[PDB]
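Here's a solo chain for you in structure tokens, the form deposited in one PDB entry.
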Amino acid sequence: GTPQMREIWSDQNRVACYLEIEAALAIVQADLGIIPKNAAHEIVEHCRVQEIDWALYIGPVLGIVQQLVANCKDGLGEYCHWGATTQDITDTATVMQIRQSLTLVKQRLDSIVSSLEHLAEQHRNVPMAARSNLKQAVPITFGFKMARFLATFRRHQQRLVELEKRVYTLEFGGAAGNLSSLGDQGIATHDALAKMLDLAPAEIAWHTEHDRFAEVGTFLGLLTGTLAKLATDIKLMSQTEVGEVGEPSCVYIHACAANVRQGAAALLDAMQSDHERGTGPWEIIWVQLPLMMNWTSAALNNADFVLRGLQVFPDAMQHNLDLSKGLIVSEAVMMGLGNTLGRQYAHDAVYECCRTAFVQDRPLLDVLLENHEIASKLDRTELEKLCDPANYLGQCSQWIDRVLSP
């Protein structure tokens, strides 16, 4: 994890969220006439994270009320935590930390997206071998490869924005979700509290309805899945025998993605929570979510750093493109010779010349020139042109433009 994400989920931002929730609750309930107005004023003033005795801290939030109610003057502590249950404070605090977490994620995605836009543009036309099952296939450009990551990271951005409206929601339902101890002021307290914390008011309690938190986990799984692919591709291209790129780090992403994807499965498990309250499933989320958020930030940090100083070697990419000695663009030689020699003789002639060039480990050009019909109907510099892998890039540049233009 990164210091930045690490302290978002520290005990200390956590209770700071607790105190902000208790302070907001007292103001709303004093504004509604539920608690004395002066009591809320004293409670809010002692809602400072610099006033907890960390040494005197079994009871997650109650330990913070015990030091709040027994801290205020004239028993004005009476009145904090009025009508709230423990999970109301934990889950709304968790929601606040998620929003802080996703702020970092959005910033990391922006830098990554920007790095990819630059790499896609810079290396728009740098030829390299595309690879299928780690075997060379047909030529592409490195910029084309980067544009495919860019489009994926943009889709992830869309997913992040879509879940925020569901996830950024208040949890305030009391013991069983109906806020029974507040009478006909429960919904009013809830709706104003959400307001006060800049959170969407809940349509109903969700203490055992964990689709909001699990949806965050599954998004982290989807996102780190893409980061793992980026890390794998980069260390594949920086192999000693490949050497097409160089790191300015990606091995850490692999572990992060593997841990996060299993954590997302655990959060789905937690969705099976019985009746109105369930400690067990709740404890899964209490453990996994901060772990997955920290793993994801480490992966994003490494990917961001690697991409910003990523180093590209077009000489190595061209060298690897030349390994097949013409065979990689055998399809191009088929069509290019179809106008001069006939649609099918071109197919049959280069295919048979392709087998020979393969079995003899010779350039495809050299075997084509051993065909007298080839050597008499079309000269060598036009056959070299067709055998050059750099002349068979397709519409990589226009596909790149299509990604860069939104």
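Whichever C-alpha set is largest while still superposing within 1.5 Å between the two forms counts as the rigid core. One rule holds for the numbers: they count along the sequence shown, beginning at 1.
The form deposited in another entry is left out here; the points below concern that form.
Participant: I want to check residue 30: does it shift between the shown form and the other one by 2 Å or more at the Cα, with the core superposed?
Facilitator: The answer is no; the displacement is under 2 Å.
Participant: Given a superposition on the rigid core, I'd like a yes or no on whether residue 373 shifts its C-alpha by 2 Å or more between the shown form and the other one.
Facilitator: Yes.
Participant: C-alpha of residue 46: shift of 2 angstroms or more between the shown form and the other one, rigid core aligned?
Facilitator: Shift of 2 Å or more: no.
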